[PDB]
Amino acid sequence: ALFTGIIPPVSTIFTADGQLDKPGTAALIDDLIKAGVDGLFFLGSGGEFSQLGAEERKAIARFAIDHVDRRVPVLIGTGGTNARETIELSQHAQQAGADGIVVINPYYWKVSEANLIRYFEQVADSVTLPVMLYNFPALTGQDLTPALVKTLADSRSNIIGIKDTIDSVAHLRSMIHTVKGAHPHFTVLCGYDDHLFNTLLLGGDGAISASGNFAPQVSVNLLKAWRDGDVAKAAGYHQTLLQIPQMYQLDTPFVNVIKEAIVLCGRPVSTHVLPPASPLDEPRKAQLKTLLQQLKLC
């Protein structure tokens, strides 16, 4: 099973003029690796892929892969609506040394099932890298159903997992039973912090979730506890994880909130975010702080 465990969707740190902030992104990467994460995911939703141009995304990916320098597995999010660009970004990720790509379904047009299968097959065929699918139906408007994901894993042996970002036990349970039932080493990762624990108990493989940026230790230690068979300890971590997503209501998009939390939790990076997101206002920053303090995270 590839890409299991705790794999943060790393925030992309930008300077005040919206350029890649290399020292801050580097320091964040180093923080997370030192926290004991099982891999790093660049250019996910939290990484602001959808607010970035293709050349910017290539620059960020190359920078990130190079800085990680093989210390942990690296995933690059290469998806979007422009399928020709997805191939280009995916081939580029492979050339630059990524260990895998994560590919959402096209989220403007909700393409017919035949076009959607064809799309993922074509992307998968464009690289020799492992491909993780990315389901986020609240944003895409089109669910990657367990049956379809199983069909995609039957069709291409390099389609080897899914980040399933959805507040639904049922969807995770059914993703696991359907796809892992036919493909035992297919990887199932939840995209929300407060689903990590259930995803493990259900027989899935970990999480790619926002709190990996600012409190990776909670997920890392939950996974470690769980793997040690200390379920009670794991449940204790889960109890923090259950509360964390309160903070994501502070704004939409909440990429600003995540970066503000990285600062409050002890890593001073620029919190600039790209339009149409915007800076978090002071009242909400203090709110975020009180939440982090209540959870003993800063």
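One-based numbering along the sequence shown.
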Fill in the blank from the handout: Taking the deposited Cα B-factors and averaging over 145-153 and over 176-184, the higher mean is found in 176-184
Practice task
Name the higher of the two by mean Cα B-factor in the PDB entry, 35-43 versus 266-274.
Solution key: 266-274
Fill in the blank from the handout: Assert third(CA B-factor, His195) within chain per record equals lowest
Problem - CA B-factor placement of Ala232, once the chain's modelled residues are sorted into thirds - result: highest
Completion exercise
Assert third(CA B-factor, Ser126) within chain per record equals middle
Exercise for the section: Would you mind ranking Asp251 by its C-alpha B-factor against the rest of the chain and naming the third, lowest, middle or highest? Expected result: highest
Handout entry: Third assignment of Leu20 from its chain's C-alpha B-factors
Key = highest
